[PDB]
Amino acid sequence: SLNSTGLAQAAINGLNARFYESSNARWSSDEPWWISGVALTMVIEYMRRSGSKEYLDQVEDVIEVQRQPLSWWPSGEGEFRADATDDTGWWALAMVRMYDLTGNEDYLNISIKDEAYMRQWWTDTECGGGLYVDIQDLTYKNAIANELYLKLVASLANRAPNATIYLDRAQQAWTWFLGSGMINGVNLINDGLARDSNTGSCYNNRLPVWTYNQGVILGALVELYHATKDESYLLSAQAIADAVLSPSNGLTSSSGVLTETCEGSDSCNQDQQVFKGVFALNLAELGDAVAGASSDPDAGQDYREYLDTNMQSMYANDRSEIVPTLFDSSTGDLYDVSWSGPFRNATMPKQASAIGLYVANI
């Protein structure tokens, strides 16, 4: 009764009608630049899963303009190399998807440049590995920057020419992530690592458990399996996803609705408004991998059911439509942060996360 393809296209059109800036080939310049890359990922993935190409022209426009040297980080020399390794990671993975959609080697080359760039801040001398997120300061090895990097080298191991060096890098990277301690006692991932003032050893800093730090790692473990056929990577990804699905861990509501930790206090900032959809998309990649690796028809049924349960809740309770005019005949759908709570406002990060859930069900 619910077409995930029709509703994704409607949410994409709502994203464009309210937040796309033709003058700047970017969505919402008042919102973080990296969230435009998350948005590009969702539009690229919609097209990759629905066989459609309606936004291909728009996507290429964004790519060409955001390719250029960033005004706030000229030293990066463009090609999405920014002042933060996670900012670069989001665009790099969007280019892996651009390559998956079009087959154009140009986008794969961007991802290779981005990996070499991010690897510049991998050090074995602190925490025994991992990279920093703050390229200027180098004081925080967190979860998202390392998850993004891990999925980049894992992705290149399946696509890039010198796959071997990327497979060795991805295997050594997952090993570091596993032993870092960021995966806690319930198989969830806190925000990052803290470092001992005296001993220099690193530990889980017990900062909040964000939804997207439970998703990007799933995509990485999926790609790590497609490059090794070692189902052990899938089982690790299933442990993380299963913990997100358990309501005892606080991320899944009693209704079965994914709930960001900030939604209760209504303090979800521009970053946190987009987290959920990144997880959903990555969970759909896990569910797809689990069902293909096993003959059981029920393989990945829980992950599919979860995405379906969350999509109907976001549709019924979180949706709003745009008012068409005699001048603007633009149509689509708008969405708020709470996939169960009421629609009050729509922001571009909230919109990108909604698109991600619909695309996760295509």
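Numbering starts at 1 and runs along the sequence shown.
Chemist: Do the CA atoms of 38 to 46 or those of 299 to 307 have the higher mean B-factor in the entry?
Modeler: The recorded data point to 299 to 307.
Chemist: Got a sec? Mean C-alpha B-factor, which is higher, 162 to 170 or 82 to 90?
Modeler: Per the PDB entry, the higher value belongs to 162 to 170.
Chemist: Between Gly200, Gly181, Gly192, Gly129, where does the Cα B-factor run highest in the record?
Modeler: Answer for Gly200, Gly181, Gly192, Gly129: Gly200, with the highest C-alpha B-factor.
Chemist: Name the third of the chain's ranked CA B-factors that contains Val62, choosing lowest, middle or highest.
Modeler: Within its chain, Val62 is a lowest-third residue by C-alpha B-factor, going by the deposited values.
Chemist: So where's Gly264 on the chain's Cα temperature factor ranking, which third?
Modeler: According to the entry, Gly264 has a C-alpha B-factor in the chain's highest third.
Chemist: Ranking every modelled residue in this chain by its Cα temperature factor as given in the entry, which third contains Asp114?
Modeler: According to the entry, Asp114 has a C-alpha B-factor in the chain's lowest third.
Chemist: In terms of the chain's CA B-factor thirds, is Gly256 lowest, middle or highest?
Modeler: Its C-alpha B-factor, which the entry lists for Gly256, ranks in the highest third among residues of this chain.
Chemist: Tell me, lowest, middle or highest third: where does the Cα B factor of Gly103 rank within its chain?
Modeler: CA B-factor rank for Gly103: middle third.
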